[PDB]
Amino acid sequence: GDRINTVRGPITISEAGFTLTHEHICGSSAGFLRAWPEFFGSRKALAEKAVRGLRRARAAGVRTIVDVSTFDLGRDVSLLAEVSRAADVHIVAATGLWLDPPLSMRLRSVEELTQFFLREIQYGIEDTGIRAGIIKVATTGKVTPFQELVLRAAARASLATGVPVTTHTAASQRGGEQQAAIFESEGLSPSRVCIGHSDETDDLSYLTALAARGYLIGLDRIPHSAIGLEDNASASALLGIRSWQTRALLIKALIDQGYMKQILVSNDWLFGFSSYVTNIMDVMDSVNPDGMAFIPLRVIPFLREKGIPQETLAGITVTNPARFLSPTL
Amino acid sequence: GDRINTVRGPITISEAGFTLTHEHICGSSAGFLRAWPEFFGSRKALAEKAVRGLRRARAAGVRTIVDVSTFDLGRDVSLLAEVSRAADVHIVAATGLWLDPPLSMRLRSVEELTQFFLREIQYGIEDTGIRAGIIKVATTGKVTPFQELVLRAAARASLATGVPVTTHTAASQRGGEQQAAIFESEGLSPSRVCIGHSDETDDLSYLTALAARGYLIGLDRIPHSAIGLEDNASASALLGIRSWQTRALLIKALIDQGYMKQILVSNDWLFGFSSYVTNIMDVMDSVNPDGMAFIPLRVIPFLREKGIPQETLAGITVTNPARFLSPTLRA
Ligand SMILES: C[As](C)(=O)[O-]
Ligand SMILES: C[As](C)(=O)[O-]
Ligand SMILES: [Zn+2]
Ligand SMILES: [Zn+2]
Ligand SMILES: [Zn+2]
Ligand SMILES: [Zn+2]
């Protein structure tokens with residue numbers, strides 16, 4: 001209630017501190033890291049890269065990250081536990097389903113999916129005893145029949161446990177509006193929901209309207225930009241060619257509209273990425289060598305330079321994630 | 001070759017005995033059994049059902065099964081090792097890819113897939129040290145671009161290791177022809193390849209032509225011809241309308257053409273099945289209560305009463321799988 005689940009166990013909200021609410025240790029597929037660790041060099045290499053990055057993030061002030069990797073994103077909670085302890089950075093794990101559910105998931109009913117999400121929240125992930133502190137879901141512009149089942153199961157699990165829901169959207173297609181409609185039809189409060197990847201669009205009418213309804217707005221891909229990489233089609237398709245300053249200005253824009261309390265900010269970074277083209281991680285690490293420290297090192301001063309008060313920035317990076325993550329019936 | 005890798009380690013060809021060459025302990029999805037074991041009741045319950053099933057097949061004469069569950073069929077080799085040890089039945093594990101690869105597989109090149117298949121054959125599966133003894137691949141229609149990559153990677157892994165390739169086809173679409181074409185373009189000998197689910201057609205000329213080219217013909221879904229389930233909206237696509245005796249006669253027909261050495265028979269059974277609609281296992285177990293014992297208890301006697309001599313049935317069930325599974329690069 002005043003405590004949230006992490007991969008090291010329960011912590012009080014006051015311990016969460018500066019929190020990044022949409023991150024990944026490794027973006028992969030179910031079973032993949034354990035079946036083919038050499039894809040990442042080795043499991044050891046991957047863990048060490050994550051520990052170095054989390055430590056640099058910690059140096060820059062980060063105390064908690066939320067790993068929104070689901071089952072079908074190849075979430076390995078044992079890896080999360082290992083790197084969280086070695087970095088001494090809190091990591092909140094996720095249940096839910098992303099965009100790559102296997103047959104054994106996509107043939108399930110809303111009731112079955114509800115039970116799977118509840119298992120991971122109430123009992124534990126796999127046989128680790130580690131409990132999810134958030135439910136991650138994903139849709140593609142026009143919500144598919146299966147994706148709708150996932151969103152309803154997520155709402156039902158959220159209503160039963162008080163843990164929040166966070167989403168993947170195509171903001172260019174105003175995806176949050178379809179998601180919100182489903183959530184509310186299940187009686188879920190918007191205060192329990194983050195509409196993510198919302199910095200992918202410059203449509204302020206879309207963002208403010210969701211914010212006005214009490215939704216959290218996930219401006220979570222700030223460092224993603226293929227500017228200077230236009231000759232790389234795969235990188236351009238993934239990162240887009242909007243600048244990080246462009247993305248960041250949306251944070252200021254929503255503050256200026258009076259919605260500072262609805263903003264969540266993150267890097268959507270990762271230290272391995274097998275569910276995309278080979279060597280994409282090298283491209284991303286040259287674009288953003290700061291990794292997950294990009295937000296405190298580059299974005300926060302940018303905003304302070306634009307005249308946003310320190311107290312407002314602290315409220316966005318500490319207070320908002322705390323209110324969001326804290327299980328609330 | 002001389003030794004075949006199993007989930008308990010290497011065995012000599014003579015130790016293999018009566019072998020079922022296309023089976024599953026559990027048809028699932030990668031990561032699924034460990035993330036949601038309660039879907040099967042529990043891991044323990046699934047394990048215990050498999051051990052009873054394998055002990056029943058063993059009492060009917062079976063000594064080895066080949067579990068052709070791939071990574072994306074949620075193969076759990078630790079489970080296979082457990083069940084194998086408790087049932088005293090050899091289990092050969094598979095590498096390769098079936099029809100549900102995740103993004104991290106679907107985005108890989110033929111060269112990368114080759115490395116993955118090779119790691120599972122040469123080094124081991126996951127961190128278990130258990131090595132695959134067969135490469136399983138699957139196609140639909142006229143073979144998709146990704147499936148062609150898988151078949152080529154499988155051929156390359158087979159050529160580097162001598163381990164055979166076994167396939168999932170749509171026999172009604174003569175799917176084996178396109179698979180064979182791809183394998184032969186890679187310089188793979190047809191004697192290293194089993195074209196599976198071949199009993200799901202009545203087109204004997206299609207099967208005979210493949211056997212003539214030296215392919216192994218996998219007659220492996222004999223008990224799936226259901227009969228009685230046209231009211232069910234899922235038991236005609238996974239099961240059948242024909243009778244099992246009709247399928248079984250395909251075996252005799254190939255024997256009579258002189259291709260007994262090209263025949264492999266199996267049940268394609270399983271003890272859990274999460275990659276389908278809920279409760280399908282109850283439907284399947286009710287239609288075929290023999291499970292993996294269907295072949296030795298029903299099909300072998302049926303063939304014997306159709307005039308097939310003991311030496312021929314033993315060649316098919318013992319000799320052919322031994323020759324197939326023994327790692328070889330000598331055509
Ligand atoms: C794993 As992602 C690029 O949907 O945040
Ligand atoms: C796992 As199957 C039904 O293709 O043999
Ligand atoms: Zn996303
Ligand atoms: Zn993400
Ligand atoms: Zn098959
Ligand atoms: Zn099969």
# chains A, B, ... in the order shown; residues from 1 in each chain; ligands from 1
$ residues_around --residues "range 308-317 of chain B" --least-positions-apart "5" --cutoff "7 Å" --atoms "only C-alpha atoms" --output "mmCIF file with C-alpha atoms, in the first residue's frame"
data_model
loop_
_atom_site.group_PDB
_atom_site.id
_atom_site.type_symbol
_atom_site.label_atom_id
_atom_site.label_comp_id
_atom_site.auth_asym_id
_atom_site.auth_seq_id
_atom_site.Cartn_x
_atom_site.Cartn_y
_atom_site.Cartn_z
ATOM 1 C CA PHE B 18 12.270 -49.427 -30.693
ATOM 2 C CA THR B 19 12.258 -45.683 -31.401
ATOM 3 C CA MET B 260 10.432 -50.025 -46.231
ATOM 4 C CA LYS B 261 13.869 -48.572 -45.453
ATOM 5 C CA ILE B 263 9.641 -45.266 -43.459
ATOM 6 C CA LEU B 264 9.510 -43.718 -39.998
ATOM 7 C CA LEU B 303 0.097 -54.250 -40.004
#
$ interface_residues --of "chain A" --to "chain B" --cutoff "9 Å" --atoms "only C-alpha atoms" --output "ChimeraX atom specification"
/A:28-37,39,71-72,74,100-109,112,116,119-120,125-127,273-278
$ write_last_selection --atoms "N, CA, C and O atoms" --output "CSV table (one decimal), in the first residue's frame"
chain,number,residue,atom,x,y,z
A,28,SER,N,14.3,-8.4,-25.3
A,28,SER,CA,14.5,-9.7,-25.9
A,28,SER,C,13.2,-10.4,-26.2
A,28,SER,O,12.2,-9.8,-26.5
A,29,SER,N,13.2,-11.8,-26.1
A,29,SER,CA,12.1,-12.6,-26.3
A,29,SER,C,12.1,-13.7,-25.2
A,29,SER,O,13.1,-14.1,-24.7
A,30,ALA,N,10.9,-14.2,-24.9
A,30,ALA,CA,10.8,-15.3,-23.9
A,30,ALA,C,11.8,-16.4,-24.2
A,30,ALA,O,11.8,-16.9,-25.3
A,31,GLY,N,12.5,-16.8,-23.2
A,31,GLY,CA,13.4,-17.9,-23.3
A,31,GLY,C,14.8,-17.6,-24.0
A,31,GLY,O,15.7,-18.5,-23.9
A,32,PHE,N,14.9,-16.5,-24.6
A,32,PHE,CA,15.9,-16.2,-25.6
A,32,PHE,C,17.3,-16.0,-24.9
A,32,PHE,O,18.3,-16.6,-25.3
A,33,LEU,N,17.3,-15.2,-23.8
A,33,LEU,CA,18.6,-15.0,-23.1
A,33,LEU,C,19.2,-16.3,-22.6
A,33,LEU,O,20.4,-16.5,-22.6
A,34,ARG,N,18.3,-17.2,-22.1
A,34,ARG,CA,18.9,-18.4,-21.5
A,34,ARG,C,19.2,-19.4,-22.6
A,34,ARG,O,20.2,-20.2,-22.4
A,35,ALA,N,18.6,-19.4,-23.8
A,35,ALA,CA,18.9,-20.3,-24.8
A,35,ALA,C,20.0,-19.9,-25.7
A,35,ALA,O,20.7,-20.7,-26.3
A,36,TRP,N,20.3,-18.6,-25.8
A,36,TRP,CA,21.3,-18.0,-26.7
A,36,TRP,C,22.1,-16.8,-26.1
A,36,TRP,O,22.1,-15.8,-26.7
A,37,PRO,N,22.7,-17.0,-24.9
A,37,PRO,CA,23.3,-15.9,-24.3
A,37,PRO,C,24.5,-15.3,-25.1
A,37,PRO,O,24.8,-14.1,-24.9
A,39,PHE,N,24.4,-14.4,-28.0
A,39,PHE,CA,23.9,-13.4,-28.9
A,39,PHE,C,24.4,-12.0,-28.3
A,39,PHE,O,24.6,-11.1,-29.0
A,71,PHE,N,7.0,-10.8,-20.0
A,71,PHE,CA,7.3,-12.2,-20.5
A,71,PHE,C,7.8,-12.2,-21.9
A,71,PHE,O,8.9,-12.8,-22.2
A,72,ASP,N,7.0,-11.6,-22.8
A,72,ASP,CA,7.3,-11.8,-24.3
A,72,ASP,C,8.4,-10.8,-24.7
A,72,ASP,O,8.8,-10.9,-25.9
A,74,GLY,N,11.1,-11.1,-23.1
A,74,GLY,CA,12.3,-11.8,-22.6
A,74,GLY,C,12.8,-11.4,-21.3
A,74,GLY,O,14.0,-11.7,-20.9
A,100,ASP,N,4.7,-9.2,-28.8
A,100,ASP,CA,5.2,-10.5,-29.4
A,100,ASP,C,4.7,-11.7,-28.6
A,100,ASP,O,5.5,-12.6,-28.2
A,101,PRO,N,3.4,-11.8,-28.2
A,101,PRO,CA,3.0,-12.9,-27.5
A,101,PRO,C,3.1,-14.2,-28.3
A,101,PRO,O,2.6,-14.3,-29.4
A,102,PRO,N,3.6,-15.3,-27.6
A,102,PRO,CA,3.6,-16.6,-28.3
A,102,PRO,C,2.2,-17.2,-28.3
A,102,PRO,O,1.3,-16.8,-27.6
A,103,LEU,N,2.1,-18.3,-29.1
A,103,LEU,CA,0.8,-19.0,-29.2
A,103,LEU,C,0.2,-19.3,-27.9
A,103,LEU,O,-1.0,-19.1,-27.7
A,104,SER,N,1.0,-19.8,-26.9
A,104,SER,CA,0.5,-20.2,-25.6
A,104,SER,C,-0.1,-19.0,-24.8
A,104,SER,O,-0.8,-19.2,-23.9
A,105,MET,N,0.3,-17.8,-25.2
A,105,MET,CA,-0.4,-16.6,-24.7
A,105,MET,C,-1.5,-16.1,-25.5
A,105,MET,O,-2.6,-15.7,-25.0
A,106,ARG,N,-1.3,-16.0,-26.8
A,106,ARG,CA,-2.4,-15.4,-27.6
A,106,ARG,C,-3.6,-16.2,-27.9
A,106,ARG,O,-4.6,-15.7,-28.4
A,107,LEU,N,-3.6,-17.5,-27.4
A,107,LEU,CA,-4.8,-18.3,-27.5
A,107,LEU,C,-5.6,-18.3,-26.2
A,107,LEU,O,-6.5,-19.1,-26.0
A,108,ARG,N,-5.2,-17.5,-25.2
A,108,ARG,CA,-5.8,-17.5,-23.9
A,108,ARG,C,-6.9,-16.5,-23.8
A,108,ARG,O,-7.0,-15.5,-24.5
A,109,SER,N,-7.8,-16.8,-22.8
A,109,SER,CA,-9.0,-15.9,-22.6
A,109,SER,C,-8.6,-14.8,-21.7
A,109,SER,O,-7.5,-14.7,-21.1
A,112,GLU,N,-8.0,-16.2,-18.2
A,112,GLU,CA,-6.7,-16.8,-18.1
A,112,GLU,C,-5.6,-15.8,-18.0
A,112,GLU,O,-4.8,-15.9,-17.1
A,116,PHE,N,-2.8,-15.0,-15.0
A,116,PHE,CA,-1.4,-15.0,-15.2
A,116,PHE,C,-0.8,-13.7,-14.7
A,116,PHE,O,0.2,-13.7,-14.0
A,119,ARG,N,-0.9,-13.9,-10.9
A,119,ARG,CA,0.2,-14.8,-10.4
A,119,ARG,C,1.5,-14.0,-10.3
A,119,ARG,O,2.1,-14.0,-9.3
A,120,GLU,N,1.8,-13.2,-11.3
A,120,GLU,CA,3.1,-12.6,-11.3
A,120,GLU,C,3.2,-11.4,-10.3
A,120,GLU,O,4.2,-11.1,-9.8
A,125,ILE,N,7.2,-14.2,-10.0
A,125,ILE,CA,7.5,-14.5,-11.4
A,125,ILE,C,8.3,-15.8,-11.4
A,125,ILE,O,9.3,-15.9,-10.7
A,126,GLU,N,7.8,-16.7,-12.3
A,126,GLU,CA,8.4,-18.0,-12.4
A,126,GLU,C,8.5,-18.7,-11.1
A,126,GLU,O,7.5,-18.7,-10.3
A,127,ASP,N,9.7,-19.1,-10.7
A,127,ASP,CA,9.9,-19.8,-9.4
A,127,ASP,C,10.8,-18.9,-8.5
A,127,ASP,O,11.4,-19.4,-7.6
A,273,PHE,N,19.5,-5.8,-26.8
A,273,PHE,CA,18.3,-5.7,-27.6
A,273,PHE,C,18.3,-6.7,-28.8
A,273,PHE,O,18.9,-6.4,-29.8
A,274,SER,N,17.8,-7.9,-28.5
A,274,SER,CA,17.8,-8.9,-29.6
A,274,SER,C,16.5,-8.9,-30.4
A,274,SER,O,16.5,-9.4,-31.5
A,275,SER,N,15.4,-8.3,-29.9
A,275,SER,CA,14.2,-8.2,-30.7
A,275,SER,C,14.2,-7.1,-31.7
A,275,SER,O,13.2,-6.4,-31.9
A,276,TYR,N,15.3,-6.9,-32.4
A,276,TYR,CA,15.5,-5.9,-33.5
A,276,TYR,C,16.7,-6.3,-34.3
A,276,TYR,O,17.3,-7.4,-34.0
A,277,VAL,N,17.1,-5.6,-35.3
A,277,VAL,CA,18.2,-5.9,-36.2
A,277,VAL,C,19.5,-6.1,-35.4
A,277,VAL,O,19.7,-5.5,-34.3
A,278,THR,N,20.4,-6.9,-35.9
A,278,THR,CA,21.7,-7.2,-35.2
A,278,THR,C,22.5,-5.9,-35.1
A,278,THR,O,22.5,-5.1,-36.0
$ residues_around --residues "range 216-228 of chain A" --least-positions-apart "5" --cutoff "7 Å" --atoms "only C-alpha atoms" --output "list in words"
residues 22, 191, 193, 194, 195, 196, 197, 198, 199, 211, 235, 236, 239, 240, 241, 242, 243, 244, 247, 248, 262, 263, 264, 265, 266, 267, 268, 288 and 294 of chain A
$ select_by_dssp --residues "range 92-158 of chain B" --states "alpha helix (DSSP H)" --output "list in words"
residues 103, 104, 105, 106, 110, 111, 112, 113, 114, 115, 116, 117, 118, 145, 146, 147, 148, 149, 150, 151, 152, 153, 154, 155, 156, 157 and 158 of chain B
$ closest_residue --among "B:82, B:268, B:15, B:88" --to "ligand 6" --atoms "only C-alpha atoms and all ligand atoms"
B:268
$ residues_near_ligand --ligand "ligand 5" --cutoff "8 Å" --atoms "only C-alpha atoms and all ligand atoms" --output "PyMOL selection string"
chain B and resi 98+138+167-169+196-197+268
$ residues_around --residues "range 47-56 of chain A" --least-positions-apart "6" --cutoff "6 Å" --atoms "only C-alpha atoms" --output "JSON, numbers by chain"
{"A": [83, 87, 271]}
$ residues_around --residues "residue 157 in chain A" --least-positions-apart "2" --cutoff "9 Å" --atoms "only C-alpha atoms" --output "compact mmCIF listing (two decimals) with N, CA and C atoms, in the first residue's frame"
# COMPACT_ATOMS: atom_id res chain seq x y z
N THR A 114 -5.94 -12.78 -17.00
CA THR A 114 -6.06 -12.12 -15.70
C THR A 114 -5.32 -12.92 -14.63
N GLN A 115 -5.51 -14.24 -14.63
CA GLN A 115 -4.86 -15.09 -13.64
C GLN A 115 -3.33 -15.11 -13.79
N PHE A 117 -1.45 -12.55 -14.96
CA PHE A 117 -0.97 -11.27 -14.44
C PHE A 117 -1.03 -11.26 -12.91
N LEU A 118 -2.11 -11.79 -12.34
CA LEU A 118 -2.22 -11.84 -10.88
C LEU A 118 -1.17 -12.76 -10.27
N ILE A 121 2.00 -10.87 -9.97
CA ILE A 121 1.93 -9.80 -8.97
C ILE A 121 1.80 -10.35 -7.56
N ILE A 135 2.14 -3.38 -14.39
CA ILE A 135 1.61 -4.17 -15.50
C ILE A 135 1.83 -3.41 -16.80
N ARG A 152 -7.98 -5.52 -20.91
CA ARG A 152 -9.00 -5.82 -19.92
C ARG A 152 -8.45 -6.65 -18.77
N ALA A 153 -7.59 -7.62 -19.08
CA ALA A 153 -6.96 -8.43 -18.04
C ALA A 153 -6.08 -7.56 -17.16
N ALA A 154 -5.35 -6.64 -17.78
CA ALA A 154 -4.51 -5.71 -17.05
C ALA A 154 -5.34 -4.84 -16.09
N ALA A 155 -6.44 -4.29 -16.60
CA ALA A 155 -7.34 -3.50 -15.74
C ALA A 155 -7.85 -4.33 -14.57
N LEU A 159 -7.15 -3.57 -10.72
CA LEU A 159 -8.23 -3.30 -9.76
C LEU A 159 -8.17 -4.24 -8.55
N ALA A 160 -7.62 -5.43 -8.75
CA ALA A 160 -7.55 -6.42 -7.69
C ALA A 160 -6.34 -6.22 -6.78
N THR A 161 -5.33 -5.50 -7.26
CA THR A 161 -4.06 -5.41 -6.52
C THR A 161 -3.61 -3.98 -6.27
N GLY A 162 -4.18 -3.04 -7.00
CA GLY A 162 -3.76 -1.66 -6.89
C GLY A 162 -2.49 -1.29 -7.63
N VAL A 163 -1.86 -2.25 -8.31
CA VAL A 163 -0.63 -1.90 -9.03
C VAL A 163 -1.01 -1.25 -10.35
$ closest_atom_pairs --of "chain A" --to "ligand 1" --cutoff "7 Å" --atoms "only C-alpha atoms and all ligand atoms" --output "tab-separated table"
residue	atom	partner	partner_atom_place_in_ligand_line	distance
A:27	CA	ligand 1	1 (C)	5.5
A:73	CA	ligand 1	1 (C)	6.9
A:168	CA	ligand 1	4 (O)	6.2
A:268	CA	ligand 1	5 (O)	5.6
$ closest_residue --among "B:111, B:186, B:220, B:231" --to "ligand 6" --atoms "only C-alpha atoms and all ligand atoms"
B:220
$ closest_atom_pairs --of "chain B" --to "ligand 6" --cutoff "7 Å" --atoms "only C-alpha atoms and all ligand atoms" --output "CSV"
residue,atom,partner,partner_atom_place_in_ligand_line,distance
B:22,CA,ligand 6,1 (Zn),6.1
B:23,CA,ligand 6,1 (Zn),5.9
B:24,CA,ligand 6,1 (Zn),6.4
B:68,CA,ligand 6,1 (Zn),6.3
B:268,CA,ligand 6,1 (Zn),4.8
$ write_last_selection --atoms "C-alpha atoms" --output "PDB file, in the first residue's frame"
ATOM      1  CA  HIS B  22       8.321 -37.701 -33.754  1.00  0.00           C
ATOM      2  CA  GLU B  23       6.904 -37.066 -30.264  1.00  0.00           C
ATOM      3  CA  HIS B  24       6.579 -34.288 -27.648  1.00  0.00           C
ATOM      4  CA  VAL B  68      10.951 -32.756 -31.664  1.00  0.00           C
ATOM      5  CA  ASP B 268       3.085 -37.023 -32.620  1.00  0.00           C
TER       6      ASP B 268
END
$ atom_distance --atom1 "CA of residue 81 in chain B" --atom2 "CA of residue 326 in chain B"
20.2 Å
